[PDB]
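K.L.:
Got an experimental structure here, sequence first:
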Amino acid sequence: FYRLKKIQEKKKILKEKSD
Amino acid sequence: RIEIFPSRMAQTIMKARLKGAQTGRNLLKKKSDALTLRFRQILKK
Amino acid sequence: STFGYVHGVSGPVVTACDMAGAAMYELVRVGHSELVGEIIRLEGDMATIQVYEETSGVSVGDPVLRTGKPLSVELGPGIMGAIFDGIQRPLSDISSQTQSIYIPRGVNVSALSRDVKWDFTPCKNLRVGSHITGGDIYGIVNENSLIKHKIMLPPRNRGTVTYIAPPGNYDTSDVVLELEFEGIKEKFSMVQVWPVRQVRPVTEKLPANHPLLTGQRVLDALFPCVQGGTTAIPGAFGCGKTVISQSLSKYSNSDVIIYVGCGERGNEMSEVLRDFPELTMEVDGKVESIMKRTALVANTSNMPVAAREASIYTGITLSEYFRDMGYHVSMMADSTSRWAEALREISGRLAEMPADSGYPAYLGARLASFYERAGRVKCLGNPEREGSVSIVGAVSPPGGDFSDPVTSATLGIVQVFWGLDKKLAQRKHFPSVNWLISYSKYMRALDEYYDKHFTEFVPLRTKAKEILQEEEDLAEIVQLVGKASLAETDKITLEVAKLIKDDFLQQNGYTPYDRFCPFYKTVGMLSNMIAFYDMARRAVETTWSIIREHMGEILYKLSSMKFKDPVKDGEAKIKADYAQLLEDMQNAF
Amino acid sequence: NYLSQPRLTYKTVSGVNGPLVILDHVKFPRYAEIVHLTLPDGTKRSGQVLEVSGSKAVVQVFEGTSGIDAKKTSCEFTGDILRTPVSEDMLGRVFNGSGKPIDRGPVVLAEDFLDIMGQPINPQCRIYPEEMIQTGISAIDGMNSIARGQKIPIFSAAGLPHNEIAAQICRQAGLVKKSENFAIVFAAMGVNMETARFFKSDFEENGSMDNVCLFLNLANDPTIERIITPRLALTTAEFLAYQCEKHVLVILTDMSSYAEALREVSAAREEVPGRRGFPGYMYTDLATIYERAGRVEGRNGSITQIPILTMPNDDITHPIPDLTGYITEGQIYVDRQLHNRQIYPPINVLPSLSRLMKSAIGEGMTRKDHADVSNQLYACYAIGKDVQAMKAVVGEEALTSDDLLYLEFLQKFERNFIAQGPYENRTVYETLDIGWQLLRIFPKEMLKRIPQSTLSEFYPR
Amino acid sequence: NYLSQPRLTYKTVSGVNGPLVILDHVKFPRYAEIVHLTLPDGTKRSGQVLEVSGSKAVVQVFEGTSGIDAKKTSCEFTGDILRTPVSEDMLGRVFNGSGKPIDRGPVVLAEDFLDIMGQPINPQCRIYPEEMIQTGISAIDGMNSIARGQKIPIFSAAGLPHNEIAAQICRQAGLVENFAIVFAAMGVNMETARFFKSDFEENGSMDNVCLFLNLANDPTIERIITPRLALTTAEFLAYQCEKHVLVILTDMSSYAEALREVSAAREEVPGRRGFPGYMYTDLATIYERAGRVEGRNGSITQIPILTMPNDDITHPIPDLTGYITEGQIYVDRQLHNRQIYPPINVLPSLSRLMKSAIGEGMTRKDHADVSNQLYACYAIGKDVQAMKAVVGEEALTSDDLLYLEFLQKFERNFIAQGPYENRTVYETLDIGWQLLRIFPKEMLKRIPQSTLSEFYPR
Amino acid sequence: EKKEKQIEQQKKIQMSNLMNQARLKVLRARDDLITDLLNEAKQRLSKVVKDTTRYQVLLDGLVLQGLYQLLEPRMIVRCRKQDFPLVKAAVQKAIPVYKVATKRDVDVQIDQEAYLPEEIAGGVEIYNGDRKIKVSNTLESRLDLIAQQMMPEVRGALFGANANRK
Amino acid sequence: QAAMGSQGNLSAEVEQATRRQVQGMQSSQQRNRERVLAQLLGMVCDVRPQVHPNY
């Protein structure tokens, strides 16, 4: 659960750059 | 006192090993009761 | 501003924009049908809202109507006999306004109806110009024949009375009191709105001294509960749960009852909602229905998961508003195990970290911050009243195992545990309260009441406890070696233990003589059964046979004691008959 | 409440990733909107909008995403959420999981347009279930009897005949004769081609299709249609029951293949998987299709559910039969022990239980000895299974004359009462009469659970 | 030395979720800085800056973010880290979790301001604890004796009388001129707060007791700073006013359960059972603040009470406590159902500093040897009791019946003493020598023949 | 033995609560000697507002102390009604000395639409251009910051020092 | 005897020891008051405008 929520926090940041 | 590694198939192996010993008492409680029933009527005889 | 727009919905969660002055955990109304939701994040101008209802057909740009309050109850007249859900929508009014069987997903129907008229009368001390603090009773509404609804001030505000209402009939929308303060004059009606997560302020916590006369004989004697205490019971399929929940509503000294069914079931809640309107209360005059002093919070699991998680806080806030009037409230949460399954879905939707067995990190702290809202306290307000809240929270553990993040965290917070057993229901022992696994930690605070009122009860029950604790170690040897090697001292205490489990503890609830056994009957039915024990303790120190065959009629007089009906039999007769049995035992020995 | 605005068609697809198609420049998109994709080579596909954000709307296509371009495909927004064409002439028709007819028939004429999500029933309007639903199986009607509104699963495993006794209790379900407005909505989720062909050709070849509304959903069907399959089946069962006032039985077979489709779309919305891979909201999602049951106050209709599920590895601590036992009201075990012994149906009644069977049976409902012959057949079954463990370690000689009578009861209980055969329709009266032929081999005063007020009328024959 | 610049007051909140408020445009934010929120409805809340990044400051509030606006709330940055007003007059008063008085009193007049996080003592100037505290309990003063400067928990469970033996070791706390007791209550009930408050006034001890009580309905982020407040006044009394302090941190499982919710809100890396990865270092910042130093005549002893979940010593609450502290006191559930008042199972109990605090000059010569034999005769007879339940009550060796004669005479006579009896260490060793009289002289292997000749014939 | 023990346990609690109220009474009387001393420091601070030469040399640095902490491009000074010609020289003295220490340039004005309340003894509150960030540099706020940090000094000098230290 | 003698212990403390503690520090406040207020108001009027050390 901690490894998957770490990735979904990282994928959100990369989708905040490409806006 | 533990035995082996938790692997989600050791949970269903040990639930069967628990199932063997749960029915190992109830099969041997009545064997020790059949021996006790004859022991309490031989003593009357 | 007052409106926000939706800007995107991704399931139950709406990220509403244009909401700058929005607060955290503040209720809004999303959409054209005004679905209720609460603000759960706040990123600049956008507010991330999770909707209680089902989002379906909510467009981008629908209005989000801000209210400005958290989840809060409306406290006023029209609450006794009403059935709410966990977020206080009137189920008895939704089925009457809409003439259907469904909840129409967009009903902001008011919890207390503003069409009924209530006979208001002031406190007769307050005049125009009196200074008034928070919690002061300024009126009384005669709501029913049983309950006088004392209209109080909110604990927030304060001021000076400049307009009181004349005695007459008003709605819940008519202005009744008007208060000048420093800046602006405030005016407010008979209803007050209090947030359910906020603990009600009070003057001083008092220690709990007075017991709850539940009516049962095992519970009033062996494991006593106090009014202002927290208990717990196992919530299995059938042990005794239907009669402990209904004798405590019929046969208790508590003034109002709140019953919180918290996400129970479809048919197990429709059974409760049709059995409580048909219960009967024996007040000193004629018979009355129990719904003149009882409110219900009914939730099935088809209802929203946040209207199942906040059902406990709705029930304890109705229990605390009727505490501050001066009444002695008793609240039964019907299941707290189904409440913690509503926390796991709320935390599992927010992607919270699981602590233990999936439950969130704040499970043990949210259970403690609810059970510590119960207690006999001295209320706010210059009329100088006192109130109480008793909490009976049932726990349904998985598989009947007492090791669980909810069950093991309940037994560390509650003081009393009435352990109902499945095996005693299969042997028709009613009520099925086990005596070994049960306990009670209010005995040290209950001696000061027992030494001023009964004074021969405290050493009475400790003798009755060591008899039954002796029986369990004697039960393994009666099948091992048998009664042929059993001692003359030990075979008599086994035979009075069978007299204890048949005469004192076992109590049939449908018989008209044992529906409400008062404590004068309870102290009598044990003082003649422990005095029989120690006079049988010196009778073996001087024959076990001749006391069983010659005193067989005296064995019948103790085994027809529970029959000494106290409804139609006077108290002084029962005391008189019980003294006559005491002389028969002292003369036969 | 008609809407008459013309629909918009967008060619503004701006991203495809898995079964999701991301659109852009959408004018006020609804949340659960039904759209209609049009492929560049003319093939039509449907889809639900999954998540909107400003002018961007993310649809997920039902039939799959292969071949979907970003330049030539066109998506058309039907301005409302998914509806159901309901009627009373959907009794005898076979539909697929999305509502289209399968049995070479026409479309339904739609006497109402209802929502698949529905609304929750008012707890103040629901009433307690009283009478009985006759299933025709003696192990179910006799000892684990179901009420009119009871929710009771069938806990089975993979390989056990839970599809063969699902089709049995659909062909021969009735109320009770009692000497009347009965319908059945059968929803199949995640079945094979062989099981779907068996369900189609067993109901139409037995005369039962005058009152059966059959919803197939194969395993080669879209996995989003497994979610709207119990929502279609319970929308029509809320139209037949307490809107047309007929008692409806809903058989939701393979409820373990529904929650494998719920787990699939929970990973399409980029959610973190909860306990054992299943989502965290599965208790709410399972209870939104179980709690559409029970009777209401002012209407004569009723709806009872038998959600059949397969627990994996014979586990009760799995989240599929544990979150079902919390909301449903007693279970029925199909077990591997009696199935290898060649007993049909292989329903062991020792762990099975119906929590509302004390309400279902009675004097005015079936007849007044049902409460005692069910308790006595269950008590004599536990003893006859206990003394059968004594027959191997003690001996056939040393056991008494009482324990030799329980062993002759055991070989007749599991062969005449439970063992029935797939085409023997026993009534509730023929079940109890077999229940007395197995109690008559004992003398009375061993029948201690039966009172003498009912032992005198039914024992001597 | 002192701050003289005015305080900046921001209305520039830009994000709030959970207990964390995120401000923007903060000019030079400071780590671990205290801010003062004022809500739009007028109530005040405190906070602590937990992470800065450029011009942002991630402050968590101590009372929860329920009602915090994004436009109307105002946040005032106090330019310093959390210091508390400490004084000698904080002795005889009760306080809540944050800082405030409860007993209708005034604020503290601040002899000086101490940082609540402290600073660790130099291990070269930290001297070993030597003087044994005679606490009047035979299971402690016999076999698990504490020193003056020792950290030693009471490993308890739910429902066991760990509050009662906490108030019992407060009255009888003396040497083999009173202890200035500092009491910290975190996550306790109402009755548990009244049980400790009315006991410290019963024995007249509330002239030197500073109660820091934080109830169960108090906020769960104020439970973090509750042991830090009660140990920064205990360092003021012991390391500056030369006073011998007895610190009791009751319900330490309510501290670390309140530590799990804060770290799970920050999405920190979890250790075992959800507790954060820094649980060892966060527990040791309040456990290692004990002992005595070379330049001072004061000392600080910690007795932190904790209830282990499910009677398990391998839970992360009592497991990580044994690695920091110097031995534990283990009360038992099996000895509580038999109505022994101190249910102290001595087998998983330990005192790591008892070897230096007993002996010839300390108590007497026979102390180190009778405690090794009372421990071994107890451990063998529990192995014998686990053997007779499988084998039988009659198929034992005749030497194995003395080990059943020992345990039934051990638990009722040695450790069971009553709630107001304070046995001295010379009373205890003459009771402990009686139980070894039922064994032969050459079955006591741990005691040599020299001190057997002086004590065993009696 | 139950009548004598329950009386003596309550007789001790009766005496212990008497000395408990005695300890809080001398502590509450000590707090009143700090309250009126703080009240006397507030009345003597208003006499510095009375004369004009000592107040404007205070208010010269009092506005510059708030200007040095905000460091904004555009700041807004908010004062009382009576002191508006007195801050106009305090602002204009502070513009050419802000640009010597720093190296940016200001757009300082004075808020005329909303003045400070008349209960304020004196001083100045200075905002930023967006009116979000605020510096409360009044004489009521300087007395709160200084006299709470100096409580170790106004206890040891104004009452007796402690006999046990370090 | 315990109820009558407990009242004699009240006036030996509630007006003897308590009332001498208030005037014992009322005199010590009046001796050192004007030195404190000259030190206190010296710090309120000695405004030293600085910038942050991080400029």
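P.N.:
Arrived safely. Numbering: from 1, shown residues only, chains lettered A, B, ... in the order given.
K.L.:
in what helix or strand does residue D:267 lie?
P.N.:
Per DSSP states H and E, residue D:267 falls inside helix D:259-268.
K.L.:
quick one: that helix near chain C?
P.N.:
No - using Cβ under 8 Å from any Cβ of the partner chain, helix D:259-268 stays clear of chain C, coming no nearer than 10.1 Å. The way it works is simple: take the backbone N, C-alpha and C, and place the C-beta from them, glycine included.
K.L.:
Would you mind measuring from the residue nearest to residue F:125 when sequence neighbours are not counted to residue G:49?
P.N.:
By the measure of Cβ to Cβ, 6 or more residues apart in numbering or on different chains, the closest residue to residue F:125 outside its immediate chain neighbours is residue F:78, 4.7 Å from it. Applying Cβ to Cβ, to the nearest Å, the value for residue F:78 to residue G:49 is 18 Å.
K.L.:
One more: residue C:443?
P.N.:
Counting by Cβ to Cβ - residue C:443 and residue G:49 are separated by 69 Å.
K.L.:
And the two? Which one has more around it.
P.N.:
residue G:49 (21 against 17; other Cβ atoms under 10 Å in any protein chain shown).
K.L.:
hang on, that one packs against residue F:64?
P.N.:
Yes - with contact defined as Cβ atoms under 8 Å, residue G:49 counts as touching residue F:64 (4.3 Å).
K.L.:
what's the helix holding residue D:267 in contact with?
P.N.:
Residues outside helix D:259-268 that contact it (Cβ atoms under 8 Å, 6 or more residues apart in numbering or on different chains): D:18-20, D:50, D:60, D:189-190, D:223-224, D:226-227, D:273, D:277-279, D:282, D:285-286, D:320.
K.L.:
That one: what's the following helix or strand?
P.N.:
Next along from helix D:259-268, by DSSP H and E: helix D:282-290.
K.L.:
okay, which residue is most central for chain C?
P.N.:
The residue lying closest to the centre of chain C (Cα atoms, centre = their mean) is residue C:331, at 1.8 Å.
K.L.:
Tell me who's in contact with that residue.
P.N.:
Residue C:331 is in contact with C:257-260, C:315-316, C:319, C:374, C:389-392, counting by Cβ under 8 Å, 6+ apart.
K.L.:
what about it, distance to residue C:339?
P.N.:
Remark: distance between residue C:331 and residue C:339 (Cβ to Cβ) = 13 Å.
K.L.:
give me the number of residues near the residue in the stretch 351-461 of chain D that chain F sits nearest to?
P.N.:
Relative to chain F, the nearest point of the stretch 351-461 of chain D is residue D:355 (52.7 Å; Cβ to the nearest Cβ). With neighbours defined by other Cβ under 10 Å, the count for residue D:355 comes to 20.
K.L.:
How about residue C:300?
P.N.:
25.
K.L.:
Now do the SS call for it.
P.N.:
Classification of residue C:300 by DSSP: H, G, I helix; E, B strand; the rest coil places it in coil.
K.L.:
who touches it in this structure?
P.N.:
Residues near residue C:300 by Cβ under 8 Å, 6+ apart: C:263-266, C:269, D:120-121, D:123, D:126, D:291.
K.L.:
6 Å instead, please
P.N.:
Residue C:300 makes contact with C:266, C:269, D:123, D:291, according to Cβ atoms under 6 Å, 6 or more residues apart in numbering or on different chains.
K.L.:
OK, now which residue of chain A is nearest to chain B?
P.N.:
Closest residue of chain A to chain B, Cβ to the nearest Cβ: residue A:1 (16.2 Å).
K.L.:
Which residue, other than its chain neighbours, is closest to that residue?
P.N.:
residue D:272 is the one closest to residue A:1 (Cβ to Cβ, 6+ apart), at 6.3 Å.
K.L.:
Over to that neighbour: give its phi and psi.
P.N.:
Recorded main-chain torsions at residue D:272 are phi -80, psi 130, according to degrees, to the nearest 10.
K.L.:
who touches it in this structure?
P.N.:
Here residue D:272 is in contact with A:4-5, C:351 (Cβ under 6 Å, 6+ apart).
K.L.:
got the residue ranges for the helices in the stretch 51-200 of chain C?
P.N.:
Applying DSSP state H, counting those that start in this stretch to the stretch 51-200 of chain C gives helices spanning C:91-97.
K.L.:
ranges for the strands of it?
P.N.:
Along the stretch 51-200 of chain C, the segments classed as strands by DSSP state E, counting those that start in this stretch run C:63-66, C:72-75, C:83-84, C:118-122, C:131-132, C:137-142, C:148-152, C:159-164, C:168-170, C:177-180, C:186-188, C:192-195.
K.L.:
Please produce TSV containing these, extended by mean neighbour count.
P.N.:
Listed next are these as TSV, based on neighbours: other Cβ atoms under 10 Å in any protein chain shown:
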stretch	mean neighbour count
strand C:63-66	20
strand C:72-75	21
strand C:83-84	26
strand C:118-122	18
strand C:131-132	15
strand C:137-142	19
strand C:148-152	21
strand C:159-164	16
strand C:168-170	13
strand C:177-180	18
strand C:186-188	14
strand C:192-195	17
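K.L.:
Out of the contacts of residue D:272, flag the one nearest to chain E.
P.N.:
Nearest to chain E among those is residue A:5, at 7.0 Å by Cβ to the nearest Cβ.
K.L.:
Could you confirm the closest one falls within a strand?
P.N.:
No - if the criterion is three-state DSSP, then residue A:5 is helix and not within a strand.
K.L.:
Based on its surroundings, how many neighbours for it?
P.N.:
Residues near residue A:5, counting by other Cβ under 10 Å, number 14.
K.L.:
what residues are up against it?
P.N.:
C:351, D:272.
K.L.:
rerun that using 10 Å as the cut-off
P.N.:
Going by Cβ atoms under 10 Å, 6 or more residues apart in numbering or on different chains, residue A:5 touches C:351-353, D:272, E:267.
K.L.:
same thing with residue C:280?
P.N.:
Residue C:280 makes contact with C:250, C:287-290 under the criterion Cβ under 10 Å, 6+ apart.
K.L.:
what about residue C:95, how many residues close to it?
P.N.:
Look at residue C:95: counted by other Cβ under 10 Å, it has 21 neighbours.
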